[PDB]
Each structure stands twice: as C-alpha cells, then as structure tokens.
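Chains as they are written, first to last, in the entry's author numbering: chain LA, 11 to 124; chain PA, 2 to 89; chain SA, 19 to 88; chain GA, 1 to 101; chain A, 2 to 272. All residues carry an ideal CB built from backbone N, CA and C; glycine is no exception. What follows is a short report on a single structure.
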Amino acid sequence: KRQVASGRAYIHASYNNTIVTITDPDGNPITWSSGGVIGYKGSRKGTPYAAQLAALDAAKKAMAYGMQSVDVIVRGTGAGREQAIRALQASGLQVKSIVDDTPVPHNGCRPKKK
Amino acid sequence: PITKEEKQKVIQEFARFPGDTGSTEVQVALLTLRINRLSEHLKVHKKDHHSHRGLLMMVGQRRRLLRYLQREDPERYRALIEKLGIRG
Amino acid sequence: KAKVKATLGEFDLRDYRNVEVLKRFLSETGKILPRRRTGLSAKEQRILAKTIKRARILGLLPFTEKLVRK
Amino acid sequence: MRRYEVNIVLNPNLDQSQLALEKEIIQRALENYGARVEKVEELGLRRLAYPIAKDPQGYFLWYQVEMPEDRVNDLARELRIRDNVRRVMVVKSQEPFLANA
Amino acid sequence: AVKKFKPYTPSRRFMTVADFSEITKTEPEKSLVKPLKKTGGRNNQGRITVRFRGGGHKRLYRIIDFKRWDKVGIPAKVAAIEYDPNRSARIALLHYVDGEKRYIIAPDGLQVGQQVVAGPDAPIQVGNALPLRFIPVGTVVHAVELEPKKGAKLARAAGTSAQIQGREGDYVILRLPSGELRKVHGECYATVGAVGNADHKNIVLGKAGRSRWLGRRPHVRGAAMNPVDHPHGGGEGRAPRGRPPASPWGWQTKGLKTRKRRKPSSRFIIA
RNA sequence: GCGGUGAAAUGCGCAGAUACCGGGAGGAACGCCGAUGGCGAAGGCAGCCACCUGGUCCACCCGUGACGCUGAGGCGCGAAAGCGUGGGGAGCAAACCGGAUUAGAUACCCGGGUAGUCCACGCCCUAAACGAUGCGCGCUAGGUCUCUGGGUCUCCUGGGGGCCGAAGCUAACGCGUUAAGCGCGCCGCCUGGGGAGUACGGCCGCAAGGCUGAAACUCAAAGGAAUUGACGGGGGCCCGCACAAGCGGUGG
RNA sequence: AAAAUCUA
Ligand SMILES: [Mg+2]
Ligand SMILES: [Mg+2]
Ligand SMILES: [Mg+2]
Ligand SMILES: [Mg+2]
Ligand SMILES: [Mg+2]
Ligand SMILES: [Mg+2]
Ligand SMILES: [Mg+2]
Ligand SMILES: [Mg+2]
Ligand SMILES: [Mg+2]
Ligand SMILES: [Mg+2]
Ligand SMILES: [Mg+2]
Ligand SMILES: [Mg+2]
Ligand SMILES: [Mg+2]
Ligand SMILES: [Mg+2]
Ligand SMILES: [Mg+2]
Ligand SMILES: [Mg+2]
Ligand SMILES: [Mg+2]
Ligand SMILES: [Mg+2]
Ligand SMILES: [Mg+2]
Ligand SMILES: [Mg+2]
Ligand SMILES: [Mg+2]
Ligand SMILES: [Mg+2]
Ligand SMILES: [Mg+2]
Ligand SMILES: [Mg+2]
Ligand SMILES: [Mg+2]
Ligand SMILES: [Mg+2]
Ligand SMILES: [Mg+2]
Ligand SMILES: [Mg+2]
Ligand SMILES: [Mg+2]
Ligand SMILES: [Mg+2]
Ligand SMILES: [Mg+2]
Ligand SMILES: [Mg+2]
Ligand SMILES: [Mg+2]
Ligand SMILES: [Mg+2]
Ligand SMILES: [Mg+2]
Ligand SMILES: [Mg+2]
Ligand SMILES: [Mg+2]
Ligand SMILES: [Mg+2]
Ligand SMILES: [Mg+2]
Ligand SMILES: [Mg+2]
Ligand SMILES: [Mg+2]
Ligand SMILES: [Mg+2]
Ligand SMILES: [Mg+2]
Ligand SMILES: [Mg+2]
Ligand SMILES: [Mg+2]
Ligand SMILES: [Mg+2]
Ligand SMILES: [Mg+2]
Ligand SMILES: [Mg+2]
Ligand SMILES: [Mg+2]
Ligand SMILES: [Mg+2]
Ligand SMILES: [Mg+2]
Ligand SMILES: [Mg+2]
Ligand SMILES: [Mg+2]
Ligand SMILES: [Mg+2]
Ligand SMILES: [Mg+2]
Ligand SMILES: [Mg+2]
Ligand SMILES: [Mg+2]
Ligand SMILES: [Mg+2]
Ligand SMILES: [Mg+2]
Ligand SMILES: [Mg+2]
Ligand SMILES: [Mg+2]
Ligand SMILES: [Mg+2]
Ligand SMILES: [Mg+2]
Ligand SMILES: [Mg+2]
Ligand SMILES: [Mg+2]
Ligand SMILES: [Mg+2]
Ligand SMILES: [Mg+2]
Ligand SMILES: [Mg+2]
Ligand SMILES: [Mg+2]
Ligand SMILES: [Mg+2]
Ligand SMILES: [Mg+2]
Ligand SMILES: [Mg+2]
Ligand SMILES: [Mg+2]
Ligand SMILES: [Mg+2]
Ligand SMILES: [Mg+2]
Ligand SMILES: [Mg+2]
Ligand SMILES: [Mg+2]
Ligand SMILES: [Mg+2]
Ligand SMILES: [Mg+2]
Ligand SMILES: [Mg+2]
Ligand SMILES: [Mg+2]
Ligand SMILES: [Mg+2]
C-alpha cells in the first residue's frame with residue numbers, strides 16, 4: 011500500500027499470458043502488470059518480449075513507490091519465464107534473490123481433456 | 002495369529018506318540034483350527050475374498066487328508082471325525 | 019560427484035528420528051533422492067524411504083522445500 | 001503383548017504446568033489400556049520443518065511400551081481426544097537394521 | 002434392516018415395517034411418572050387450523066428428559082430401549098443410581114446396560130451429555146439445546162445428527178440436519194452421538210389405512226376442488242394450473258422465503 | 001484486464017475479476033522413493049500408522065508314508081461402464097447449451113455443464129478378461145542383467161523377474177530351462193467367407209443384456225507370414241529459376 | 001485450424 015524500500019515480486023507465467031506483480035514484504039500488492047497492460051492481445055500476451063515489457067513496466071511502477079530492493083519469486087513455465095528475471099536485472103531494482111515456487115500437486119486433481 | 006502354546010496344546014493332544022509332528026490326524030486338526038479361525042475372520046470381513054480363497058484351499062486339503070484317512074482305516078477316522086465334529 | 023553412502027559410517031536406517039542422518043537424502047527440494055545417487059541397495063533404499071515418510075509426518079523432515087536461485 | 005514405540009508431539013507454547021498436566025493424562029490412558037511402560041524419553045522442544053497448528057516449533061515425547069495387540073488402536077484414539085495433543089504415532093518396534101557395515 | 006411381506010395380498014407386497022430388534026422386551030412402558038394422557042385434532046376454538054388430522058390410534062405420551070443436566074455428575078444404567086408412538090426415534094429407560102428413573106432419546110449404537118452421565122466432566126463418548134464448549138470440535142451430536150437452560154430442540158428425529166465445525170467466543174458452530182450452519186451458545190448442553198433408528202426412512206406404508214393409523218387424513222388436491230374453495234379450483238376437465246401454483250389462502254408455494262427478514266436470530270445463521 | 005486458441009470468439013471483470021497475502025470449508029486422488037522393480041489364480045494392487053488375514057519362499061534332514069495330477073456339471077472371484085435403496089460431491093466429465101472451424105461439423109479445439117467418477121449394502125458377469133500361448137511333472141548348450149533366501153562370499157546353492165541365443169521346432173515370422181523342443185496325463189475348443197454370436201426354444205437378469213446356439217441362402221473366395229514396388233498431410237541426408245532475393249512480361 | 005471425391 012504505502013512506500014517501502016524492500017519488497018517482493020511475483021511472476022505468474024502461464025502459456026497464454028505471463029503477468030507479474032510487485033508487493034510489500036508482507037504479501038499485500040503495491041502494483042502489477044501483464045501482457046495486456048502493454049496493449050497486446052491474444053498470443054501476443056504470452057510473448058517473451060511482452061513479458062520483458064511487462065516486467066519493465068512493473069519495475070517502472072515500483073520505482074514510483076520508492077522500491078529499490080526486491081526478492082523475486084516465479085511460478086509456471088510460460089514462454090516468458092526467464093525474461094521476467096532478465097528485465098528485472100537491469101530494471102534499476104535490486105534483484106537481491108531469486109526463488110522458484112511453482113505449485114505442483116502430488117497427484118490428486120484429475121487434469122482436463124489434456 | 003495363533004499362539005505357539007495354543008498350537009502345542011493341540012499337537013500334544015492329537016499325537017499318537019510324542020514327536021509325531023506331522024501325522025494325518027495331527028495335520029487335520031491343525032488345519033481345522035485355522036479353518037475355524039479364518040471362518041470367524043470372514044464373519045466380520047465379508048469384503049475380504051483372497052483370505053476366503055485360502056479358506057477354500059484349506060478345507061479342500063483337509064478333505065483330502067480325510068479321504069486318505071477314511072480309505073486307510075475307517076475306525077481311526079470314526080474317532081477323529083467324532084472328536085473334531087465334522088460331516089453334517 | 020559424490021555418493022551419499024560414503025559420507026557417513028555405520029548407522030541405523032530404520033531409525034526415523036536421527037534427522038542429521040536422514041536430512042542428507044532430500045536435496046534442496048525435499049525430493050526423496052534416487053537410488054542411483056544415494057548409492058544404496060534395494061532392501062536398504064526401500065525401508066530407508068519408508069522411515070523417511072514417517073519422519074516427514076512427525077514434522078521433522080520437510081515434504082517439499084522451495085528451490086533457491088535458478 | 002507386543003513391543004511398541006510411541007511418538008507424541010505437543011503444543012510448543014504453553015507453561016510447564018500444563019505440560020506435566022497433559023503428561024499425566026498420557027500416563028493415565030497408558031495404564032488404563034494396559035500399556036506397561038519401559039524406556040521412556042522426553043525429547044523436549046524442537047524446530048519443525050512445516051508449521052504444525054500454525055506453529056514452527058513442537059514439543060516431543062517418546063514412550064516405548066508393551067501391551068496386548070488390540071487396544072493399542074483404541075489407546076491411540078484416547079490420545080486423540082485431548083485438544084492440546086498435536087501429533088500421535090504408534091509404531092510396532094523392530095530390530096535396528098544396519099547401514100554401511 | 003426392515004421386515005418385508007410376501008404378496009399374499011395386494012397393498013402388502015410393498016408394505017414394509019421396521020425390525021424391532023433393538024427394542025429390549027417391554028410392552029409395558031415404564032408406568033411410573035412417565036406415561037400421560039394426550040389429545041387434540043384442532044385448536045381451542047373448535048375450528049380446524051391444520052388440514053387433514055384425525056382418526057389415529059390411542060397414544061400415551063411418554064415424558065422425556067430433554068433437559069438432561071439437572072443431575073450433574075450422577076451416572077445411570079441403560080435399563081431399557083422402548084418404543085414411542087410419539088417420535089421417529091426409539092427411547093431409552095435409564096435408571097439413575099440416585100434412584101430416579103427417566104427417559105432419553107435413544108442414540109445409535111447404544112448398548113443396554115451402558116454407563117451414561119451428564120456433566121462438563123463427562124467422558125466424550127456416545128450417550129453422555131455436556132456443554133457444547135466442552136465437546137471436541139468435529140464431533141457428532143444430537144438433542145442439542147438452543148438457548149441455554151431451555152431444553153433440547155435440535156436434532157431429535159431418527160437418524161438425525163449435527164456436526165461441530167468450530168468455536169468462536171462464547172458461541173460454537175453447528176452443521177444442522179438441514180445442513181444449515183449456526184452459532185449456538187457454549188453453555189448449551191447436548192448429547193454426544195447420533196440418533197438411533199437410522200433405518201426409519203426405508204419404511205413403506207404400503208396401503209391407505211396405514212396412513213390413517215398414524216392419524217394422517219386423506220389429502221384432497223387443490224385442483225380437484227371448486228374456485229370458491231381453492232385457487233387451483235378450475236377443475237374443468239383435469240385443467241392445468243391457473244397460474245401460478247399457490248396455497249388455498251393465496252401465497253405461492255414453489256420458491257418463496259417465508260422466514261421473516263428482520264428476525265434477530267438471523268444474526269446467528271449462515272446458509 | 002483476465003481467460004482461451006492455429007489464430008479467435010463465446011465467457012468472466014469498475015457491481016472491482018486476474019495476480020499476491022491471511023482465515024476457513026469440503027471432496028477425490030497419492031509427488032519424490034519409483035525401476036527394464038515387487039505381490040496375487042485372474043481381475044488387479046502404491047501416501048504413512050495399527051489391528052485382522054491369505055498365498056508364497058529359504059534352512060534343519062525332524063514327522064506322515066503315494067495321502068498325487070487333471071477336473072464335465074456344481075460352487076466362489078471377476079476392470080470399466082451400467083442398474084437399485086440411501087448417502088456424498090472439489091476436480092474431471094458422456095448427454096445437453098453456447099463459441100469457432102467448415103460447403104456442411106449433430107466432430108476433432110474452446111467456454112459452460114448433468115448422470116457418472118466416491119463410500120455403505122445389493123445386482124449386473126462382459127473385455128484386445130492378452131503372453132491372443134489350459135494345467136502338472138520330467139529330460140534338452142551356455143552368456144549377461146535384476147528381485148530375494150542360505151552359506152566365511154571375485155565363488156557355491158534354492159526361489160521369481162528380462163534380453164541374446166546351442167540343438168531342435170515353425171508356413172514364415174519367431175519361439176527356445178519363463179518352449180512354440182523332445183514325451184506322458186487330463187480338461188476346454190476348432191472344421192471355408194458371409195448369413196451370425198443373428199433367429200426360434202430353454203435358463204438367468206429390475207432393465208440394459210448375458211449363457212447355450214442354428215439353418216435357408218449367397219460367394220470362389222475369406223485368411224496367415226514374407227518378397228518386391230509404388231505410395232504417405234512417415235523419417236533422414238541431397239538436388240533443380242521450385243520457393244526465396246531480383247528484372248521485364250502475359251491475363252486488361 | 002486447411003488438401004472432400006475419382007463410373008465399369
Ligand atoms: Mg493468451
Ligand atoms: Mg500463446
Ligand atoms: Mg506464447
Ligand atoms: Mg496461484
Ligand atoms: Mg492456479
Ligand atoms: Mg482447464
Ligand atoms: Mg483326493
Ligand atoms: Mg444336516
Ligand atoms: Mg526377528
Ligand atoms: Mg396414577
Ligand atoms: Mg397415570
Ligand atoms: Mg375450549
Ligand atoms: Mg379443547
Ligand atoms: Mg367454546
Ligand atoms: Mg380414536
Ligand atoms: Mg436394573
Ligand atoms: Mg473428527
Ligand atoms: Mg401425526
Ligand atoms: Mg400429512
Ligand atoms: Mg372452507
Ligand atoms: Mg364452502
Ligand atoms: Mg384454473
Ligand atoms: Mg369438481
Ligand atoms: Mg394473480
Ligand atoms: Mg430457503
Ligand atoms: Mg407469508
Ligand atoms: Mg410470517
Ligand atoms: Mg452471448
Ligand atoms: Mg481481487
Ligand atoms: Mg488462501
Ligand atoms: Mg506465512
Ligand atoms: Mg475426510
Ligand atoms: Mg495365472
Ligand atoms: Mg498353480
Ligand atoms: Mg503373512
Ligand atoms: Mg485343481
Ligand atoms: Mg460401473
Ligand atoms: Mg439409466
Ligand atoms: Mg457445439
Ligand atoms: Mg470441408
Ligand atoms: Mg455454423
Ligand atoms: Mg456460404
Ligand atoms: Mg446443417
Ligand atoms: Mg440434440
Ligand atoms: Mg463367466
Ligand atoms: Mg478369447
Ligand atoms: Mg481372431
Ligand atoms: Mg545364468
Ligand atoms: Mg547373501
Ligand atoms: Mg546351508
Ligand atoms: Mg552358478
Ligand atoms: Mg544342490
Ligand atoms: Mg544346503
Ligand atoms: Mg543367487
Ligand atoms: Mg525371450
Ligand atoms: Mg521378444
Ligand atoms: Mg529370442
Ligand atoms: Mg552349434
Ligand atoms: Mg533333430
Ligand atoms: Mg538362461
Ligand atoms: Mg461357414
Ligand atoms: Mg459379404
Ligand atoms: Mg458359420
Ligand atoms: Mg450374445
Ligand atoms: Mg430377441
Ligand atoms: Mg422348438
Ligand atoms: Mg424346459
Ligand atoms: Mg446395447
Ligand atoms: Mg451388445
Ligand atoms: Mg448344427
Ligand atoms: Mg440342429
Ligand atoms: Mg500383412
Ligand atoms: Mg521470386
Ligand atoms: Mg526493377
Ligand atoms: Mg514486353
Ligand atoms: Mg504488365
Ligand atoms: Mg494472349
Ligand atoms: Mg487477350
Ligand atoms: Mg460419393
Ligand atoms: Mg464412393
Ligand atoms: Mg477407380
Ligand atoms: Mg459416380
């Protein structure tokens with residue numbers, strides 16, 4: 011909500027789209043971004059370049075709140091998984107640390123058609 | 002399972018002489034105990050069926066033993082069936 | 019790289035509380051490491067993992083820990 | 001009669017009085033269902049891996065009794081009744097197998 | 002389960018009746034201070050207020066201890082399991098060692114000659130009874146109170162039960178037989194377990210008269226009547242509804258919440 | 001804005017969705033170990049704990065003394081789907097509705113979604129119920145991998161799981177101490193294709209439907225493995241003004 | 001996502 015130096019950054023990277031969001035050290039988001047906030051539509055939203063622009067825009071929004079350092083956390087295996095990180099490198103924000111945390115079942119929920 | 006002591010209490014009773022751990026009647030009674038216990042086991046585990054197969058095979062084995070015993074000598078058979086209370 | 023068995027001497031693999039021995043088997047993910055990396059026998063590996071799950075239930079061992087930087 | 005190891009985790013954040021209080025109840029149930037105790041050991045407080053009852057810590061006990069094989073189920077159930085009692089796990093004891101001889 | 006009948010007559014090939022195996026042998030009810038007279042077919046003004054009640058068969062009302070807490074700590078022996086023509090559930094004669102005999106709604110799986118008690122000290126185990134704030138969360142329960150010290154009124158029918166979902170302040174949460182979740186005061190007593198005669202539902206009345214024996218009178222369709230006597234009273238050649246289906250007095254039957262809105266007790270319910 | 005796809009649309013979201021955190025409800029299923037792995041007569045069987053229980057194998061060289069094998073009918077088991085009575089219901093998902101694709105699309109793809117999938121008891125009893133190989137015993141080269149048991153253990157000796165292969169067999173393919181080899185015992189079953197697992201009778205079942213089970217008739221073939229070639233919106237290497245890059249043309 | 005057919 012308010013203004014903080016340290017914080018976190020989540021990456022929801024699906025196949026049809028990759029979106030990201032910055033948050034306070036607690037868990038409550040400050041601002042966010044996606045392929046859609048870049049104006050792209052369709053498979054253009056899942057594009058790695060779009061993930062780059064989305065992460066850069068998200069960083070640009072985070073810097074407005076005075077964010078400087080951020081612990082990053084990733085999820086999913088979308089075609090923009092690494093580009094979030096890559097954009098967050100020279101984003102102007104301290105990368106501090108990177109963590110994978112892709113949710114995965116121990117076989118329980120039956121999958122869709124595929 | 003069954004106790005070793007409980008096993009000996011039977012073996013000693015059915016033996017024709019001490020150390021007869023394998024005689025016909027010995028095996029018949031010995032199997033009959035397991036037939037009874039397993040039968041009672043099925044009386045609460047109706048779902049269980051493999052155990053029930055084992056029961057069928059045990060009963061069959063016992064019946065073969067009774068075949069040979071009855072064929073060899075009907076008198077010792079006459080005593081054994083009476084002491085184990087079968088056929089009816 | 020390194021076989022896990024050579025790290026420690028003789029020990030109880032059935033013991034489900036010697037966490038300092040059992041921890042060296044799950045890597046930075048909590049994954050029950052494959053037999054080809056721990057270098058154990060079948061009989062050994064099986065009851066090892068079986069006691070491992072027990073240790074997981076007690077809150078001693080972790081089910082799945084988040085991987086670090088990648 | 002069968003050799004059994006019993007593991008019981010309890011609330012890490014409570015006074016020693018409540019600790020001994022619950023321990024007493026454990027003793028009670030044990031004697032009540034014919035659990036003749038042996039080498040008992042109090043492992044004390046330890047840091048857990050995953051948070052149990054939204055708590056990263058946990059107190060530990062470790063009995064080792066012998067009793068008729070049946071009620072060892074029901075006994076466990078008795079241990080379940082008390083709210084403060086977190087984990088319960090009875091395990092049939094076995095010979096400590098040897099690794100890396 | 003249920004007893005059946007060979008079709009040596011129609012209206013009997015379907016008629017089933019519960020096996021009274023759980024009853025301990027007793028035709029005479031505890032003729033002490035438990036039986037009592039009973040009557041009524043319509044309100045105090047001779048008018049009818051409930052349609053289709055009457056006929057029936059004579060019944061001595063068994064007086065039940067629904068407020069079982071006045072004897073705290075005092076144990077009792079499950080003397081008997083009796084029939085009761087006034088409830089779906091079976092009943093249970095318990096002999097308090099105090100000397101006083103009384104009745105309780107018979108819970109499921111209740112052995113005759115069982116130990117049973119009522120108090121906050123009680124062992125959490127079938128038959129016993131105690132305040133809700135003492136029963137471990139996530140337990141079956143029946144014959145629950147509502148407001149404290151006002152007698153049990155929740156779950157008293159055969160097979161019925163409620164589960165405790167959690168605690169909150171001086172209140173506790175129950176999942177009613179209607180599936181409804183609700184706050185009920187912690188001080189309210191309740192008996193642990195579930196109500197017996199679970200096999201009640203499977204009965205088939207079989208024929209007409211069987212209804213009459215229960216007192217249920219013949220029920221005439223609204224659409225069979227005349228426009229004066231009933232809304233649906235079109236009657237002209239098995240005519241369809243005159244739109245839309247509604248009671249003899251006017252209110253629409255299918256889908257119409259009748260629960261008063263600003264009822265205070267609404268502040269304690271959930272779904 | 002999300003979601004979704006080959007690209008989209010239907011859908012959801014300023015009535016504040018997506019993404020993130022905390023609190024809680026409920027159901028189904030068991031990640032890593034995990035495997036060419038183990039168990040069972042078959043179907044099948046996977047989190048961990050305890051109780052109950054079957055079958056199975058090693059050692060000792062202890063006991064019984066041919067007590068064995070097969071087994072028509074009978075009897076019990078028998079995936080999934082489906083049926084009954086009463087529960088349960090998160091995910092999935094026939095049917096159905098919508099979107100797209102298309103000449104059409106009652107489909108493949110997408111958004112919704114009910115029986116069902118789950119437990120209790122009871123019925124149904126079919127399958128590519130597959131090793132397409134009935135059971136039991138015995139004789140007939142070795143090499144290697146693996147599960148397990150015993151013994152002072154780079155070896156020796158039992159019991160299972162895979163590959164290569166002596167002889168030999170086979171129509172070829174391929175089998176081959178886990179026979180399709182050489183023998184015996186016994187049960188089941190086949191006699192061209194279609195008609196047809198249909199019809200009638202009988203038995204069973206709540207129904208669906210299952211077990212037995214033909215003929216008239218028609219065809220001069222049906223079928224098995226292998227060879228050769230063409231062929232594929234099969235694969236790999238490779239080529240040509242074939243595409244590409246580029247210059248002018250016709251079609252007007 | 002596209003390539004439906006080919007009288008004896
Ligand atoms: Mg997309
Ligand atoms: Mg895409
Ligand atoms: Mg993409
Ligand atoms: Mg998420
Ligand atoms: Mg998700
Ligand atoms: Mg999906
Ligand atoms: Mg014979
Ligand atoms: Mg008779
Ligand atoms: Mg031992
Ligand atoms: Mg009087
Ligand atoms: Mg009187
Ligand atoms: Mg009056
Ligand atoms: Mg009056
Ligand atoms: Mg009057
Ligand atoms: Mg009357
Ligand atoms: Mg008495
Ligand atoms: Mg519970
Ligand atoms: Mg009435
Ligand atoms: Mg009525
Ligand atoms: Mg009137
Ligand atoms: Mg009138
Ligand atoms: Mg009308
Ligand atoms: Mg009329
Ligand atoms: Mg009107
Ligand atoms: Mg309503
Ligand atoms: Mg009204
Ligand atoms: Mg009103
Ligand atoms: Mg529309
Ligand atoms: Mg939101
Ligand atoms: Mg949450
Ligand atoms: Mg936290
Ligand atoms: Mg549950
Ligand atoms: Mg077989
Ligand atoms: Mg066999
Ligand atoms: Mg066994
Ligand atoms: Mg046979
Ligand atoms: Mg089914
Ligand atoms: Mg149907
Ligand atoms: Mg459609
Ligand atoms: Mg077309
Ligand atoms: Mg169309
Ligand atoms: Mg057109
Ligand atoms: Mg059309
Ligand atoms: Mg239609
Ligand atoms: Mg059959
Ligand atoms: Mg066949
Ligand atoms: Mg064939
Ligand atoms: Mg060899
Ligand atoms: Mg060895
Ligand atoms: Mg030896
Ligand atoms: Mg050898
Ligand atoms: Mg030898
Ligand atoms: Mg030897
Ligand atoms: Mg060996
Ligand atoms: Mg082979
Ligand atoms: Mg082969
Ligand atoms: Mg071969
Ligand atoms: Mg040769
Ligand atoms: Mg030859
Ligand atoms: Mg070989
Ligand atoms: Mg023919
Ligand atoms: Mg034809
Ligand atoms: Mg034919
Ligand atoms: Mg048929
Ligand atoms: Mg027919
Ligand atoms: Mg005829
Ligand atoms: Mg006949
Ligand atoms: Mg059909
Ligand atoms: Mg059919
Ligand atoms: Mg014929
Ligand atoms: Mg004929
Ligand atoms: Mg061919
Ligand atoms: Mg060109
Ligand atoms: Mg030019
Ligand atoms: Mg020119
Ligand atoms: Mg031109
Ligand atoms: Mg020209
Ligand atoms: Mg021209
Ligand atoms: Mg055509
Ligand atoms: Mg044609
Ligand atoms: Mg042609
Ligand atoms: Mg034509």
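To which residues of the same chain is residue i closer than 6 angstroms at the C-beta, ignoring the five residues directly before and after it?
| i | result |
| --- | --- |
| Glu146(A) | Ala153, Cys189 and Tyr190 |
| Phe135(A) | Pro121 |
| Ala67(SA) | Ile50 |
Return yes when the C-beta of residue i is under 7 angstroms from any heavy atom of ligand 11, and no when it is not.
| i | result |
| --- | --- |
| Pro246(A) | no |
Tell me the DSSP bridge mates of residue i?
| i | result |
| --- | --- |
| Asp55(GA) | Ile52(GA) |
| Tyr4(GA) | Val65(GA) and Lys92(GA) |
| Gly110(A) | According to DSSP, which records beta bridges pairwise, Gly110(A) is partnered with nothing at all. |
| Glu169(A) | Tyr172(A) |
| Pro29(A) | Its beta-bridge partners do not exist; DSSP assigns none. |
| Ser43(LA) | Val30(LA) |
| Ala20(SA) | In DSSP, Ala20(SA) forms no bridge with anything. |
| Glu83(A) | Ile92(A) |
| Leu98(GA) | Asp30(SA) |
Among the options, whose alpha-carbon lies nearest the alpha-carbon of residue i?
| i | options | result |
| --- | --- | --- |
| residue 92(SA) | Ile70(SA), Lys23(SA) and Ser59(SA) | Within the shown structure, residues of chain SA are numbered from 19 to 88, placing residue 92(SA) beyond reach of any answer. |
| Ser107(LA) | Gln78(LA), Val114(LA), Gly90(LA) and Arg120(LA) | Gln78(LA) |
| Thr140(A) | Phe97(GA), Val88(GA), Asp83(GA) and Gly44(GA) | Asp83(GA) |
| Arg43(A) | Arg54(A), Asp171(A), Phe15(A) and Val205(A) | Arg54(A) |
| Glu42(GA) | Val90(GA), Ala49(GA), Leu19(GA) and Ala53(GA) | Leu19(GA) |
| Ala224(A) | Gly234(A), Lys4(A), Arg218(A) and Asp230(A) | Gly234(A) |
| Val118(A) | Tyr97(A), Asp109(A), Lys102(A) and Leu111(A) | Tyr97(A) |
| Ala158(A) | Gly47(A), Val229(A) and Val196(A) | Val196(A) |
| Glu23(A) | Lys68(A), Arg48(A), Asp200(A) and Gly194(A) | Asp200(A) |
| residue 7(LA) | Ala100(LA), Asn38(LA), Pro121(LA) and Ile21(LA) | The question about residue 7(LA) has no answer here: the residues shown for chain LA are numbered 11 through 124. |
Could you pull out every residue in the same chain whose Cβ sits closer than 7 angstroms to the Cβ of residue i, ignoring the five residues on either side in sequence?
| i | result |
| --- | --- |
| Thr25(A) | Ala81, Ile82 and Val113 |
| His53(PA) | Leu43 |
| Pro86(A) | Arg60 |
In chain order, what residues of the same chain have a beta carbon less than 8 angstroms from the beta carbon of residue i, not counting five sequence neighbours either side?
| i | result |
| --- | --- |
| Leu51(SA) | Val22, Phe43, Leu44 and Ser45 |
| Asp49(PA) | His42 and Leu43 |
| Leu31(PA) | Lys8, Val11, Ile12 and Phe15 |
Could you check whether the Cβ of residue i sits closer than 7 angstroms to any heavy atom belonging to ligand 7?
| i | result |
| --- | --- |
| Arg65(PA) | yes |
Closer than 7 angstroms to a non-hydrogen atom of ligand 2 - does that hold for the CB of residue i?
| i | result |
| --- | --- |
| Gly56(LA) | yes |
Is residue i near ligand 9, judged by its Cβ being under 7 angstroms from some heavy atom?
| i | result |
| --- | --- |
| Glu14(PA) | no |
So if I threshold CB-CB distances at 8 angstroms, which residues from the stretch 3-23 of chain GA count as touching chain SA? Cβ contacts with chain SA: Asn7 and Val9.
Taking any Cβ of chain GA, which residues in the stretch 73-84 of chain SA have a Cβ under 7 angstroms from it, in chain order? Along the stretch 73-84 of chain SA, the positions whose C-beta sits under 7 angstroms from a C-beta of chain GA are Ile75, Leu76, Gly77, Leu78, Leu79, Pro80 and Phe81, read in chain order.
With 7 angstroms as the C-beta to C-beta threshold (strictly closer), list the residues of the stretch 33-62 of chain GA near chain SA in chain order. Taking 7 angstroms as the Cβ-Cβ cut-off against chain SA, the residues of the stretch 33-62 of chain GA that qualify are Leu48, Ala49, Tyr50, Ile52 and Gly58.
Short-range partners of chain GA found in the stretch 33-56 of chain SA, where Cβ spacing is below 7 angstroms: Going along the stretch 33-56 of chain SA in chain order, one finds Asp33 with a Cβ nearer than 7 angstroms to chain GA.
Proximal residues, the stretch 66-83 of chain GA versus chain SA, C-beta separation under 9 angstroms: The residues in question: there are none.
In the stretch 104-122 of chain LA, which residues sit with their C-beta less than 7 angstroms from some C-beta in chain SA, listed in chain order? Taking 7 angstroms as the Cβ-Cβ cut-off against chain SA, the residues of the stretch 104-122 of chain LA that qualify are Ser107, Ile108, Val109, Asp110 and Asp111.
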